[PDB]
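This document opens with one chain alone, in structure tokens, the form deposited in one PDB entry.
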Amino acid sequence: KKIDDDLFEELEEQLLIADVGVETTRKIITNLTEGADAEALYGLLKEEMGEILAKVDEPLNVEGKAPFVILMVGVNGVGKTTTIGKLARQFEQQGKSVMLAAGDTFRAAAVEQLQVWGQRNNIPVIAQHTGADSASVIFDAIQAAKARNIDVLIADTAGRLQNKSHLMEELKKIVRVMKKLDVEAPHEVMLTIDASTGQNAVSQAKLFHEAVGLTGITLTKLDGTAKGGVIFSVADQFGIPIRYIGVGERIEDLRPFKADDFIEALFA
């Protein structure tokens, strides 16, 4: 097969369906045309996509803090609660002690889901009454983690993103409250975004990144039909490391991010 305008239009369609986005797709194609049979083109495209993801493939390292604090941010419905448990199991398998903070204080089901999971798995969960102050719950969790020599503290947060909610200011307050106990905390600000939301994750990454500064991303629900192409836009615009991929609903379904596999899956 030979290179022509039909192949570049074919590639654009495939990238748009993968949620790479209009802007990122346009940039990628123009770079592909300038950089440049069909098979060679797909080889070159995968290579240039590899160069994008290479800049954000740093794996998360949680060792050496007391505790290492992960602030979990994201909007509701993306898999934040599930991911926290998957992370907790991951770190415990590595021999680290874990504590959870139920900072999404107005969602009773989310709080109780964490409490019950933690109880079943012998992981302490710091929680207060429904509607309690998120910053206070997370304050108590850090104190308890320090008192109890916990290696990793994972702090959940609210995820209602509307002008009523003042979520960004709440997160900023949480961070300031954190730094009164440990100036290095939070050691990781982990955004969870849902592959099935497509390009809406770009807006979310922008909001959370501008408010508290993201240092890592978990992309969930890659096991659906969604391709997760938004990460190219986030990488190009923000350069935030992709730490993990969610590949299911089971507690094991959290995988370290791998650039090569992700690229192949995008075209499968």
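We number the residues from 1 along the sequence you see. Here the rigid core means the biggest group of C-alpha atoms that line up within 1.5 Å when the two forms are laid on top of each other.
As for the form solved in complex with a small molecule, it is not shown, yet the points below apply to it.
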Legend entry - Of 71, 142, 99, 114, the one that lies within 4.5 Å of the small molecule in the deposited bound form (heavy atoms): 114
Legend entry - Contact label in the deposited bound form: residue 85 to the small molecule, heavy atom within 4.5 Å: yes
Legend entry - Proximity of residue 81 to the small molecule in the deposited bound form, heavy atoms at 4.5 Å: yes
Inset, instruction - May I ask you to check whether residue 132 falls inside a 4.5 Å heavy atom distance of the small molecule in the deposited bound form? - result: no
Inset, instruction - With heavy atoms only and a cut-off of 4.5 Å, decide whether residue 94 touches the small molecule in the deposited bound form. - result: no
Inset, instruction - Could you check which of 45, 56, 60, 226 shows a C-alpha shift of 2 Å or more between this form and the one not shown after a rigid core superposition? - result: 226
Inset, instruction - Look at residue 240 and decide if its Cα position differs by 2 Å or more between this form and the one not shown after superposing on the rigid core. - result: no
